[PDB]
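Just the one chain here, the form deposited in one PDB entry, laid out as structure tokens.
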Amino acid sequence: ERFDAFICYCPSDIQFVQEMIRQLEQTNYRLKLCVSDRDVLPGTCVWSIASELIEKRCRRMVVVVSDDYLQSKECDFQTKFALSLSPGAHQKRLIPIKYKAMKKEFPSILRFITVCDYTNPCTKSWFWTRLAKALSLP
């Protein structure tokens, strides 16, 4: 009922979401992620439970940013709603992930939040340690 983070993803990035489940749930971090295609029951109002899960039942929200995520309206809503809870990002609530290269622009409304970048080969080592640490805090 209480998760550590809600995972905002478009269907195309399900591969990386499952890699996240392996890396954060099924290891010593013992984190509890909310994945809509696994944990959200059918018959729920896509907007009502999105709002209910992200605001009350999930402590933070991780957003998987890609070219395909920009074309998702379900994600767009979820991201703008996540930003509403801390416009200034004082609560360190919205966690942007970049896992692969993007031909298109990083969302304008997210441009002053520290991205967990998995593309840069020189920083990749600290990606999982930093992300797990971010989700583990109150």
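Just count from 1 along the sequence shown to find any residue number. Definition used throughout: the rigid core is the maximal C-alpha set that superposes within 1.5 Å between two forms.
Enquirer: Using only the Cα atoms and their B-factors as the entry lists them, report which of 58-66 and 102-110 averages higher.
Expert: Stretch with the greater average CA B-factor: 102-110.
Enquirer: Can you work out whether the C-alpha temperature factor of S72 puts it in the lowest, middle or highest third of the chain?
Expert: Its C-alpha B-factor, which the entry lists for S72, ranks in the middle third among residues of this chain.
Enquirer: Can you work out whether the C-alpha temperature factor of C34 puts it in the lowest, middle or highest third of the chain?
Expert: Its C-alpha B-factor belongs to the lowest third of this chain's values.
Enquirer: Lowest, middle or highest third: where is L53 by C-alpha B factor in its chain?
Expert: Middle third, going by the recorded CA B-factors of the chain.
Enquirer: Among the modelled residues of its chain, does the C-alpha B-factor of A82 lie in the lowest, middle or highest third?
Expert: CA B-factor rank for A82: lowest third.
Enquirer: Comparing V46 with the other modelled residues of its chain, is its CA B-factor in the lowest, middle or highest third?
Expert: Tercile = middle for this residue's CA B-factor.
The following text describes the form deposited in another entry, which does not appear among the structures shown.
Enquirer: So, superposing on the core, is the move of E74 at the CA at least 2 angstroms between this form and the one not shown?
Expert: For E74, whose C-alpha is compared between this form and the one not shown after core superposition, the shift is 2 Å or more.
Enquirer: Is the shift of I113 between this form and the one not shown large enough to count as movement, that is, does its C-alpha move by 2 Å or more after the core is superposed?
Expert: Stays below the 2 Å threshold, so no.
Enquirer: After the core is overlaid between this form and the one not shown, has the C-alpha of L41 moved by 2 angstroms or more?
Expert: Comparing the forms between this form and the one not shown, which are aligned on their rigid core, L41 does shift its C-alpha by 2 Å or more.
Enquirer: Do the C-alpha atoms of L94 and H90 sit closer or farther apart in that other deposited form than they do here, given a shift of 3 Å or more?
Expert: It is closer: in that other deposited form, the C-alpha atoms of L94 and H90 lie at least 3 Å nearer than they do here.
Enquirer: Say whether the C-alpha atoms of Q91 and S66 sit closer together or farther apart in that other deposited form than in the form shown here, given that their separation changes by 3 Å or more.
Expert: They are closer; the C-alpha distance drops by 3 Å or more in that other deposited form.
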